Amino acid sequence: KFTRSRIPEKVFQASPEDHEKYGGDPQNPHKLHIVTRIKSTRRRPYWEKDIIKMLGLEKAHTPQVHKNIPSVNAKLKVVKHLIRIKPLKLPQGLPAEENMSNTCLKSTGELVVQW
Amino acid sequence: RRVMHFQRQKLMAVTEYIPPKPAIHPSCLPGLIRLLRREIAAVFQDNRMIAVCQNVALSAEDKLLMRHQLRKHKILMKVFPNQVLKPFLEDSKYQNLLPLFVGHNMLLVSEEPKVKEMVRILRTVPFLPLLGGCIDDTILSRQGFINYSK
Amino acid sequence: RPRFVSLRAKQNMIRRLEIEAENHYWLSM
Amino acid sequence: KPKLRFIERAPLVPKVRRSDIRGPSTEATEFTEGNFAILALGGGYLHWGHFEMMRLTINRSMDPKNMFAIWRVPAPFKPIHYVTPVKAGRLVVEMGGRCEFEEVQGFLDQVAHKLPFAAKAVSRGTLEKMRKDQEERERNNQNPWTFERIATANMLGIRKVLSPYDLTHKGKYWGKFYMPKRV
RNA sequence: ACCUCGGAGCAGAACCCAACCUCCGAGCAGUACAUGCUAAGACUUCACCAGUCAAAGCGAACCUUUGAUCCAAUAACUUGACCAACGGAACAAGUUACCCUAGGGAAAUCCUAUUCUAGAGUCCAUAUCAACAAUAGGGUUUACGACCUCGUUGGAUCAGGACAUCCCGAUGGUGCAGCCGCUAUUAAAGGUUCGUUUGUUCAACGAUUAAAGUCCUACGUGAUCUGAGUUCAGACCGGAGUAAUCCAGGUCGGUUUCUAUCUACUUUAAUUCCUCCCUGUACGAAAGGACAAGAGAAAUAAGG
RNA sequence: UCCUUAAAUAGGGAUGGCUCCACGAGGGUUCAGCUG
RNA sequence: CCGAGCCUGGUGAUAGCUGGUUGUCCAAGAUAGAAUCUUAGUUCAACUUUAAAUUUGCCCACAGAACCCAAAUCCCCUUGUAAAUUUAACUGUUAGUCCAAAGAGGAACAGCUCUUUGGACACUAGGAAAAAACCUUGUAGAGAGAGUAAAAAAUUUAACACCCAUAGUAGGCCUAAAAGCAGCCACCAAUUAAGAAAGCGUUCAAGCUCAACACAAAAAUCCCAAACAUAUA
Ligand SMILES: [Mg+2]
Ligand SMILES: [Mg+2]
Ligand SMILES: [Mg+2]
Ligand SMILES: [Mg+2]
Ligand SMILES: [Mg+2]
Ligand SMILES: [Mg+2]
Ligand SMILES: [Mg+2]
Ligand SMILES: [Mg+2]
Ligand SMILES: [Mg+2]
Ligand SMILES: [Mg+2]
Ligand SMILES: [Mg+2]
Ligand SMILES: [Mg+2]
Ligand SMILES: [Mg+2]
Ligand SMILES: [Mg+2]
């Protein structure tokens, strides 16, 4: 039978090689994910379709910001083969109210407060 | 084998084994033996006069008759590997003996020279010429052997 | 009729797998 | 009894119960009181005729004072006629005695090719060598992507195509067939 | 045979489910006669119907397998048969080819050839054949009462094609001195008969042949013809059936019709055989008996 | 099993059981002749 | 036009069967259990639509769910989310097809018959040659802009060491003789180098090698893009 897949926890235990490869520090982890759907939910199980709808990834290639917290991460793990996850980087910190309308999400994953 | 799902076939192809590839080709990169040793060492002192020939063109019966005529005297015929005889020359300090033993070589170790009668026997068979030897650490060519016989 | 896997198909699958591995890393923290 | 004993065509007392073809064999995978053997490189069913020809071709070129051959598979018991299930990696016929592997290689290879499923003539040394080189393959492969890793992590949603048994077989065993080259 | 219900397989871990299917037993028995009355809250065979559990309270004592409604009977409480096709027509079987209408549709277990040599093969494997197995190629069968039974075809005409070659051609080997046979490779240009019995699909037989090949082509081909035979509508015989009728199980008889619209098409260096010469030559101890080459006769096919 | 043909799944002969005189656009077989 | 005439009427017989069922535009919209003289139908359920009321609904981290003796499932704090339940009204679909997976139909690999989980098709587009079911991808228009997704089959295999092997003795048992080749018993020994022999052949011998010295496939109308080995990834 085809069922939900239980991913072993060792899959989501990064190695120092992974840290060097991808440039994320396990200490002081990133706060927010940028998730984009890059794969169709057609020919995928209804639970993956539902998770995609919940995460708001109905449109492909449209970045969506989510919290980097265990529940959101569990949903992302369910649909990890359909999405691209990149940390949201804030070189100038989160935007202030003055420049809330002058932000731009660079393709590198950086939210810059000048545009 | 039944046809796999194409997605599974793609998975197998992607997960196919990839052997490690060395940068530079390693190829293109840089007690019978001791019994013979001791026996030949002993023989080199046992014999007083030595000679060598090429007793290979003879038949089994002819070689047997030659062996019988030699055993009529005290001389003993020997065959030993050149592969192991080449180290023996330098071991026994026989430098002039190196360009003498190659291919088939049959020694004629003795202490009493019946070389006159041996040459007489060899005469009736116009082949199998005598090859140079070295009696008591003194090299003798064929002419020297003939003079010694006479 | 049989079907065969091309180098392009293998490369596409490898690209997808690399994206998924990066997803694993970013989900690990 | 340094010979392959005759086996009954059918058990005298049928047994009720205690796919036996797919996947690696779990029993008789290692040499026991022998030095050479025939290894099954794939699952299959052995018939009574197959057993009889095994016995005939082994006891023909046999030296009772220097060779002793034993079975590793029981008599045909599974009803269909009666046959024996054999899984990949299962030894079929073992040999021992004062002998060398090349002395038996010829007819062992012949009888292995006779066998319905893929089979090989394997000594203890050759079995150890192939196990060690399989370990070397899986330790030195330069492919970052392995069937084991992808299937376990459900990368690409591949478990939609794979079987639950594929997670344990790691892609090496597909149905009754076995793929030793598959790392 | 089964049709309802219950228990087990049969589902590994909530439920549900493998229907069809396998096995078992119940239309209850034993017990008690509070084994009463009431009543929160729940379960449930995926609907409903129906079927379960139950605290508290009252009252006595001090439980382990099915069936509705109507209708009958009983003063009533209650009870009853049939509904077992067990969601149950109150009461109705066989048969139709004399039929009509409305529609729907059309792995194991066998054979062939190679491989291992088992082995036959005078001894001798590998001249030849060949076992079990493996490989391929072709065909048959299935999960269901392992009970019985039984479920369109040629011919004529014209042929197209394959080669897995029957003859003709070219070669290798031979357990063939020549003749031959046997075997294998290659070869599809060409060719591949007429009759008797049978409807024969076939088969046997007769006489030939160089040979009378194996197949594919929706029988290849039936808007080209014709014949069976399912099987028409008649009638006998045999078998089954109370009968009607049924049964390829035997026989005698027995009308489908097409004026061609479209596609396509409608004038693309011969083979055998025999006779003779060479040839009684080669070969061979003899017997027997050739190649290659040539000549002549026929016949067939094609074209005139 | 015999005859019939060279060849013959064809034909003929070795109250019931029988007897086919004649007849038949009945159903089979045959000699001879005749014939596109 | 008789297995039962014809005409008229009842009669617009009846038909769970066949066929048909006419403006424009938008929107929501999917396979599913039970019973049934029932499986070509229907009724209930489920789904579906509209309107309405209200408040939680789905996902799920632990904790938790059996003894006999696997993948997963159930349940719900968070969380991501915005739906869910109930009320009123209601038609229609519902004894499907294919794919992936796990099982049963006798301890039946394939084929079928079913059960279960999931997907797809009945819905768009691109690709896989053509293409319901494989891959990519969907929410709708115009554009003579742009970045991409899937998407290209691979392969070409067989030389080989050289050299020759005296002799105790045909080693004995029997076996006509069987000596190395009919069998079992030790399996020694000479030179230097040595099997009472691993394989051919002799009734048995004789003759020969090994070892030892030495140095894969096919078929039927007519093969089937054309072609191309090396210009920057
Ligand atoms: Mg049950
Ligand atoms: Mg219920
Ligand atoms: Mg009923
Ligand atoms: Mg009923
Ligand atoms: Mg009648
Ligand atoms: Mg041919
Ligand atoms: Mg009739
Ligand atoms: Mg008539
Ligand atoms: Mg006739
Ligand atoms: Mg009339
Ligand atoms: Mg009507
Ligand atoms: Mg819509
Ligand atoms: Mg009823
Ligand atoms: Mg109906």
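Reminder, nothing fancy here: chain letters follow the sequence lines and each chain counts from 1. Computed over heavy atoms, backbone and side chain alike; hydrogens, waters and symmetry mates excluded.
When Watson-Crick and G-U wobble pairs are counted only if both distances are under 3.5 Å, G:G57 pairs with G:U81. Judged by Watson-Crick or G-U wobble contacts below 3.5 Å, the nucleotide G:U156 has no partner. Across all strands shown, nothing is found opposite E:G241 as a Watson-Crick or G-U wobble partner with both distances under 3.5 Å. Summarising the base pairing, E:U135 is matched to E:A113 through a Watson-Crick or G-U wobble pair whose two defining distances lie under 3.5 Å. In this structure, E:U200 makes no Watson-Crick or G-U wobble pair, since no nucleotide meets both defining distances under 3.5 angstrom.
A south sugar is assigned to G:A170: the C1'-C2'-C3'-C4' torsion is negative, on the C2'-endo side. North puckering is assigned to the sugar ring of F:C18, since its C1'-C2'-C3'-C4' angle is above zero.
Heavy-atom neighbours of D:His113 NE2 from other residues, nucleotides or ligands within 6.0 Å: at or below the threshold of 12.
Ring geometry, D:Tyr178 versus D:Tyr173: the interplanar angle falls under 30°, so the pair is classed parallel (tilted spans 30 to 60°).
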Every protein N/O lying under 3.5 Å from an N/O of nucleotides 228-231 of chain G:
none

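When the P atom is compared between G:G118 and G:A53, the two are found 36 Å apart, to the nearest whole Å. Separating the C1' atom of E:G289 from that of E:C179 is a span of 6 Å, rounded to the nearest Å. Here the separation of G:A159 from G:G183, taken at their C1' atoms, is 43 Å to the nearest Å. Taking the P atom of each, E:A84 and E:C28 are spaced 16 Å apart, rounded to whole Å.
No salt bridge links B:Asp91 with B:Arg37; every basic N to acidic carboxylate O contact stays at or beyond 4.0 Å. With salt bridges taken as basic N to acidic carboxylate O contacts below 4.0 Å, one links A:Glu9 and A:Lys77. A salt bridge does not link A:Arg37 with A:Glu58: none of the charged nitrogens is closer than 4.0 Å to a carboxylate oxygen. Between B:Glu112 and B:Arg48 there is no salt bridge, since none of the side-chain N atoms of the basic residue sits less than 4.0 Å from a carboxylate O of the acidic one. A salt bridge links D:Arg55 with D:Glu52: the closest approach of a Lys/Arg side-chain nitrogen to an acidic carboxylate oxygen falls below 4.0 angstrom.
Backbone-only engagement by D:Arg22 is indicated by non-hydrogen atom pairs under 4.0 Å involving sugar-phosphate atoms exclusively. Across all strands shown, B:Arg71 has no heavy atoms under 4.0 Å from either base or sugar-phosphate atoms. Using a 4.0 Å heavy-atom criterion, one finds that D:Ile21 contacts no nucleic acid atom at all. Counting any heavy atom pair closer than 4.0 Å across all strands shown, B:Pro81 reaches sugar-phosphate atoms only and no base atom. Here D:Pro116 lies in heavy-atom contact (under 4.0 Å) with sugar-phosphate atoms only. Within 4.0 Å (heavy atoms only), B:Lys63 reaches no atom of the nucleic acid at all. Within the 4.0 angstrom heavy-atom criterion, only backbone atoms of the sugar-phosphate kind lie near A:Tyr46; the bases stay farther away. Residue A:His61 is out of contact with every strand shown, counting any heavy-atom pair closer than 4.0 Å. In this structure, D:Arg55 reaches neither bases nor backbone, as no heavy-atom distance under 4.0 Å exists between it and the strands shown. In this structure, B:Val79 reaches the bases: a heavy-atom distance under 4.0 Å links it to at least one base atom across the strands shown. At the heavy-atom level, B:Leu36 lies nowhere under 4.0 Å from the strands shown. Across all strands, A:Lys53 comes closer than 4.0 Å to no nucleic acid atom at all (heavy-atom distances). Within the nucleic acid shown, D:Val16 comes within 4.0 Å of at least one base atom, counting heavy atoms only. Contact annotation for B:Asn82: backbone-only contact, meaning every heavy-atom pair under 4.0 Å involves sugar-phosphate atoms and none involves a base.
Mapping D:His81 and D:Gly49 onto RNA chain E by nearest heavy atom places D:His81 at the nucleotide closer to the 5' end. Residues D:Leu56 and D:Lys176 each lie close to RNA chain E; by heavy-atom proximity, the contact nearer the 5' end of the strand is made by D:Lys176.
Using a cut-off of 5.5 Å between ring centres and 30° between planes, the six-membered base rings of E:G12 and E:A13 fail to qualify as stacked. A stacking contact links strand neighbours G:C47 and G:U48, their base ring centres being under 5.5 angstrom apart and the planes under 30 degrees. When the rule of centres under 5.5 Å and planes under 30° is applied to the neighbouring bases of G:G106 and G:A107, their six-membered rings do not qualify as stacked.
Using a 90° window around 0 for the glycosidic torsion, F:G26 falls outside it and is classed as anti. Nucleotide E:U174 is shown with an anti base, its glycosidic torsion being more than 90° from 0. Against the 90° criterion about 0, the sugar-base torsion of E:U231 places it in the syn range. Against the 90° criterion about 0, the sugar-base torsion of F:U30 places it in the anti range. Classification of E:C71 as anti follows from a glycosidic angle more than 90° from 0.
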*Show the numbers, then the answer: is there a side chain to side chain donor-acceptor pair (under 3.5 Å) between A:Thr3 and D:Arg159?*
CA-CA 9 Å; A:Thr3 57; D:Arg159 296 191 60 182; 5.2 Å; no
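Taking atom CZ of A:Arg4 as the reference point, atom P of G:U117 lies 12 Å away to the nearest angstrom. If you measure from atom CZ of D:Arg17 to atom P of G:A104, you get 10 Å, rounded to the nearest angstrom. Between D:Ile80 atom CD1 and G:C109 atom P the separation is 8 Å, expressed in whole Å.
If you check the side chains of A:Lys80 and C:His24, you find a donor sitting under 3.5 Å from an acceptor.
Geometrically, A:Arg4 engages A:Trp47 in a cation-pi contact defined by less than 6.0 Å to the ring centre and at most 45° from the axis. Stacking of D:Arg137 on the aromatic ring of B:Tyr17 is recorded, both the 6.0 Å distance cut-off and the 45° axial limit being met.
The aromatic ring of A:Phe2 does not sit over the base of G:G118; the criterion of centres under 5.5 Å apart with planes under 30° is not met.
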